[PDB]
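Chains as they are written, first to last, in the entry's author numbering: chain B, -1 to 163; chain A, -1 to 165.
The next block holds one structure in the form of structure tokens; read it before the comments.
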Ligand SMILES: [Ca+2]
């Protein structure tokens, strides 16, 4: 119970179902959090009171057809990231193994980014990471939500010291 | 740049630093999110406008002295959790290896919990559930936040089909 109920969903249909359950129970302030801009745009059109943007950390994505190679490189990334005190968030989306690193300064996210490149070609997979270009993309997608008529938008980050830059 | 800025921190000092940076940049609505109740209580005393409770999924914690045994138990938990489509969040805090599992229904959180118990025996470490599946404890900690003077509280979950009992 609380003043604001936040639905965290990576599936757009499951997001709608939980918003309907909370709205039918009388919840006045339902928020929807997702790293998927389409889920946030769908929550705006279907009943979301607040839209929460996930703009924290750095996401490393290993891609490959051999699952015993994506995990092999992900485990070494986890072991080294935990040794720096980072928080690691993993999900497997098709052939994409997404790894989000939070809780470490920008100097350590680059160390892990350079190790991810070394782990990619060492196991024959591909690596991609997020950068400053995603910040510009974030402000643009936020303005697309404002122009679609979003009244309350929240932006979440683990490090507002670098994000202000 | 949005109406609400949310500080997600697991370190109390880093939380205070980022709230101070945003307040001096003119942010009118600063929120603080943490799975640590003390960080939420410290953000309330700092002047946080919104406290976000993490009430989603299930948190299992491996404890032990051999780090390459907390890891290997965590690695096997990741392998099976990914086979269910789950999102896995890990952090290493002292001798505690915290594993949070979201995006899966109640029957899968139970099965992974029983596998964590089976993996703790195979590697000689201890596993406990340090979060999730205890709505009364969550509600009581929320009521401690109101009585300390929290005027805006947010509760976050990936599974309101089960958490609707809190309402
Ligand atoms: Ca959140």
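Yeah, the Cβ is synthetic: ideal placement off N, Cα and C, and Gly gets one too.
Range of the contiguous beta strand (DSSP E) that encloses residue i
i, result
"residue 60 of chain B", "56 to 61"
"residue 129 of chain A", "124 to 129"
"residue 51 of chain B", "48 to 52"
"residue 163 of chain B", "Segment: none, residue 163 of chain B is in no beta strand (DSSP E) and carries neither H nor E."
"residue 91 of chain B", "85 to 91"
"residue 29 of chain B", "28 to 32"
"residue 152 of chain A", "151 to 155"
Residue i, enclosing alpha helix (DSSP H) - first and last residue
i, result
"residue 79 of chain A", "65 to 81"
"residue 118 of chain A", "104 to 121"
"residue 94 of chain A", "Element bounds for residue 94 of chain A: not the alpha helix (DSSP H) but the beta strand (DSSP E), 94 to 100."
"residue 41 of chain B", "35 to 44"
"residue 14 of chain B", "10 to 22"
"residue 3 of chain B", "Careful: residue 3 of chain B lies outside any alpha helix (DSSP H), inside the beta strand (DSSP E) at 2 to 6."
"residue 132 of chain A", "No alpha helix (DSSP H) contains residue 132 of chain A, which DSSP labels as neither H nor E."
Contact set for residue i: own chain, Cβ-Cβ below 7 Å, skip 5 residues either direction
i, result
"residue 104 of chain B", "160"
"residue 115 of chain B", "125"
"residue 67 of chain B", "121, 122, 123"
"residue 163 of chain A", "133"
"residue 128 of chain B", "56, 57"
Any chain B beta carbon closer than 9 Å to residue i
i, result
"residue 93 of chain A", "no"
"residue 87 of chain A", "yes"
"residue 72 of chain A", "yes"
"residue 147 of chain A", "no"
"residue 62 of chain A", "no"
"residue 7 of chain A", "yes"
"residue 45 of chain A", "no"
"residue 77 of chain A", "yes"
"residue 56 of chain A", "no"
"residue 100 of chain A", "yes"
"residue 12 of chain A", "yes"
"residue 41 of chain A", "no"
"residue 48 of chain A", "yes"
"residue 142 of chain A", "no"
Residues near residue i by beta carbon distance below 6 Å, same chain, minus five either side
i, result
"residue 149 of chain B", "none"
"residue 84 of chain A", "99, 101, 102"
"residue 167 of chain A", "Given a span of -1 to 165 for chain A in the structure shown, any question on residue 167 of chain A remains unanswerable."
"residue 87 of chain A", "98"
Within-9 Å CB hit, residue i to chain A
i, result
"residue 154 of chain B", "yes"
"residue 157 of chain B", "yes"
"residue 15 of chain B", "yes"
"residue 163 of chain B", "no"
"residue 2 of chain B", "yes"
"residue 84 of chain B", "yes"
Other residues of its chain near residue i: CB distance less than 8 Å, five sequence neighbours each side excluded
i, result
"residue 17 of chain A", "5, 28, 30, 41, 44, 45, 46"
"residue 3 of chain B", "20, 25, 27, 28, 29"
"residue 63 of chain A", "93"
Inter-stretch contact at 8 Å, needing at least 3 Cβ pairs: the region 64 to 73 of chain A / the region 43 to 50 of chain A: Cβ pair count under 8 Å is below three, so no.
Mind the definition here: the region 141 to 149 of chain A touches the region 109 to 125 of chain A only if three or more C-beta pairs lie below 8 Å; say whether that holds. They do not touch, by the three-pair rule.
Check whether the region 54 to 64 of chain B touches the region 90 to 106 of chain B, taking contact to mean three or more Cβ pairs, one atom from each stretch, closer than 8 Å. Look at the beta carbons and you see the region 54 to 64 of chain B touching the region 90 to 106 of chain B: at least three pairs across the two are nearer than 8 Å.
With 8 Å as the limit, tell me which residues of the region 124 to 139 of chain B have their beta carbon closer than that to any beta carbon of chain A; keep them in chain order. Result list: 137.
Tell me, please, whether the region 3 to 11 of chain B touches the region 33 to 43 of chain B by the rule of three or more beta-carbon pairs shorter than 8 Å. Counting C-beta pairs closer than 8 Å gives three or more between the region 3 to 11 of chain B and the region 33 to 43 of chain B, which meets the contact rule.
Taking Cβ-Cβ distances below 9 Å as the criterion, which residues of the region 20 to 37 of chain B are in contact with chain A? So the list reads 20, 23, 24, 25, 27, 29, 31, given in the order they occur along the chain.
Cβ-based contacts, 9 Å cut-off: residues of the region 104 to 121 of chain A near chain B: Listed in sequence order: no entries.
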